[PDB]
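Both blocks below hold the same protein chain, though in two forms, and each is given as structure tokens: structure 1 and structure 2.
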Structure 1
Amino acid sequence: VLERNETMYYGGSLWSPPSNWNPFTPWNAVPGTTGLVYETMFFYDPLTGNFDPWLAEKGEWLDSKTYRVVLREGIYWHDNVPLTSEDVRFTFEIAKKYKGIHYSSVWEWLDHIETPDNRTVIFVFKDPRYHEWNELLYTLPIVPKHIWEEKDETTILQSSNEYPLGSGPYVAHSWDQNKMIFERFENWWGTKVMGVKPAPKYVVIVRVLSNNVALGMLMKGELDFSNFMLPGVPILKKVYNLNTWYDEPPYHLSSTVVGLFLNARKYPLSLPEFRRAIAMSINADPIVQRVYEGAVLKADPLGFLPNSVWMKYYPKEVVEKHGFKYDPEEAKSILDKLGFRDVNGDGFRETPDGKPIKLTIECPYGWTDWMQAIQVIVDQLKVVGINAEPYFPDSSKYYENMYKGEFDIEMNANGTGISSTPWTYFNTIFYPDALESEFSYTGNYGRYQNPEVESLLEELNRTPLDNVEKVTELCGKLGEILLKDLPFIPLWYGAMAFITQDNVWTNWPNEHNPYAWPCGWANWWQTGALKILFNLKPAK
């Protein structure tokens, strides 16, 4: 039995029985496996762009092609084996041996790794990609060489790895079909060296079947920390003492960019002015107000996330000059000029050669907020004379359609999540290799082609993040293309759903004390959720 006052119950990201704790599949491993058991070189703060030293005491580019990490002194795995530079080197080098590992592509542009002593890691690059490197610094857990160096490919990639041997502030304790239990590791090196300690003796990852159960647990005070997407936030706050990030709308931080990919290879969506007309016919205000009850923020024309480091590089002048707005009369005028006119008196525009047009707009069946949003968009397109109809395939067919580019208009937030660089956002929109791939998992799902975006994406990746002027300029050049050709239409930002209650734990982050990104998804505890554990205080 777990004493309630020393246990912190989390929910929102565990949707199957606990069954994997493998650090090499950190998004499939039970949430907290990385973060609580396995540690990363740096903490990252999506709210500010600040990196903070974790396993690394410091990291820096010694020159344009050389990055040095110096580990803190006195790190050790849970079995008291010291954690050294050779564990970091192994963590990277094992992915050259087994390229099925998800970050194996780093060896396309990393040359080798030197370790002059037990604390120093020197990365020597063939082709330093600064923006991809920044993502690796906080997303890759460091694994123990003495545990894994003899394992073969299938063990490394597929073993469940029960009771994971890590270095972090918790160990795996127990689990069943509906919860994972972590126990605080009292001899954690981090308390001796960094002086911090997570407040809860036990962290429980709770799995529920429905939002009814999750909201009920919060109401009963059985859940402390929820990332569940729970509708009805205003009345919950107003009457039931549930807390969100913001006191008033939008209530939650923004974490993804929701928009429309268009099939750039299917006439007439292959015409940029037709896509422009679609964008200008849409008004996201009723979606934000009616569907989401003001619990999301409308997107700017470029779709840069607020409360993110992307705003540091925001191309203001480019957006003001080239950004689109809701303007259905201008959309009709663009379509008239394009030659798309009603020729048969049904109120819908035909092609220049008189053929019917009826476009599908799709999202998975059962994503009921997105379904409502799609119907709102369908009716707004009908206003300007563009016939459209909702299409709700099941989840698997929706993703199959996405990867293959087999749709007309598709609502999408796949790869537009918050990150340490707007490069991830522009890459998701423009992903040039989609044009030569039957399946495109990374982006550009509508197969938009442009002769300049590929070179701008590469130049952006190879621009150091601290060259703020140049990164902003490149975001402006990419943003200009996005806004002129609209292969993707940003509409609103998905919420970082974060609801707490204070009956057992207090001092949660919020707008008045925004000290940590509140995300308990798998492989996101190093972006704020563990820092939350450091700062929670017992309730009265």
Structure 2
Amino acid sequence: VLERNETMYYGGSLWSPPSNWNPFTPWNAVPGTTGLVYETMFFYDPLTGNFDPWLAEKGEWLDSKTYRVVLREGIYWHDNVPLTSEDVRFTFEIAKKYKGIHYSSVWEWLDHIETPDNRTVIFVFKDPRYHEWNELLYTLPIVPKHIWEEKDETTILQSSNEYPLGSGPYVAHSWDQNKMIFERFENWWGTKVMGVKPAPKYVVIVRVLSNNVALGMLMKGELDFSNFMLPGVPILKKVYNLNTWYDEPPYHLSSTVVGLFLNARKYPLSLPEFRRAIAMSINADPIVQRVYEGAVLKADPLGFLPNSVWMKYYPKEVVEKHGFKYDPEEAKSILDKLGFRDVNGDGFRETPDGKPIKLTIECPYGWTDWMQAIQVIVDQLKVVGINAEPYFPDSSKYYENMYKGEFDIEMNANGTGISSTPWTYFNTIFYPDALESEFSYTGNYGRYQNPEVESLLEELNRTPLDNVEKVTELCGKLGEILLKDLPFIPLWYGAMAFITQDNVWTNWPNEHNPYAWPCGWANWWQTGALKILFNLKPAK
């Protein structure tokens, strides 16, 4: 048992038993592992676009093909071993040695690494991919060479890495089937050097069966920092004194593009024309209005986050020319012409060869808002004669399905999160290497194939972010393919659900004090949620 006034209870991102703390497997690692235990070279702030120096004291392009990091002086692993340039070197090079490591692809465009001293890392690139490099700067955890040095590729990839040895503000304390506990590392270098200190001695990641459970926890003050979707926000504020980012609708920040991935390898979902018909049959308005009660924004056919820097590169003409809209009569007309007609009289269209068509549509059990949205979609598909069958597997199975591509229709917001570049969005959708992967963690979960996109993705990647004209043109070419072939159908912008209660901790950020992004998802703590810990104050 932990002293309540020195413990902060977080929930919203833990939907399976804690069973993995491996920095090399970010898809399985318990939320907080990267961020609270492992650190990155930079923080990234979605509120501003700022890269704030963490392990790195500075980072600079020296010329077009050479990037230099200079580490802060006085960084230490938790076992008092100095964290140096060779740890950063190792973090990259281990992935050239063991190609199974998820970022081994970096060595296709990174040539080599130099370390002139204990603080300096120089990356020389053969093909500098600026967009993806910017993202690595705040997402790639730095790992201890002295710990991983002697491990083979199988250990690295399969180890659960209990009690991770990192450099961050917390260590793993304890866990069970329904919670992860972190304990603050008092001798953290970060406090000595940066002068910041996380206020809670204990951070507990709470696992819960369903969003509905979270509400009770919040009302009784058993949850402090909630990323769970919950309905009736005005009533939550007025009656139960629960707070959100904005005083007024939409109440929450937007964090993701929520849409449907389709199995592009399964007939008839393999037909671009059929996929278009699905897209034209779905009206997100009732989802936005009724499921979320206006706490989210509807997406246009391209699906660029309106609050993101992707809008800097918005291919306006392309969307107006090639985008789809809700148009069920035209959806029926398309299906007719393709020969998808009802021959047995059950209201559902069969294949041109008279074969029945039934498509599973899925999201995790307990994600109440997506379960409702899915039935809205089922009901909408019903009236154009498409038989969609709702399926709500455990989260663990939902993700296994996603990674293996074992689904028909899948509601998805994995990898479509706000970022420093629209490249992350197009990469998540088109991820060409999914086609050669049993497990695709990165994207293109339905295994869509296209001979142009890989070249287009690379060309975008290697274009300096300040060449607005060229980045925009490439977003247009990529967007054009997206809108024409619809491997992913954008539907709305996911709410960054963030609800707090002040009986134990105060000084949360909100629209009047907008100092940090409030996201406790795995691999997002370095975008603001850790910073929130630096700023929390005990309640009086």
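Just so we're on the same page, residue numbers count up from 1 along structure 1's sequence. Only the largest set of C-alpha atoms that superpose within 1.5 Å between the two forms is called the rigid core.
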Rigid block check between structures 1 and 2 (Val258, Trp492): yes
Could you let me know the angle, in degrees, that the smaller of the two rigid parts turns against the larger between structures 1 and 2? 25
On a rigid core superposition, how far has the CA of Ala284 moved between structures 1 and 2, in Å, if you could check? 5.2
Where the core is superposed, what shift in Å does the CA of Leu157 undergo between structures 1 and 2? 0.8
After superposition on the rigid core, what is the displacement of the C-alpha atom of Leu47 between structures 1 and 2, in Å? 1.2
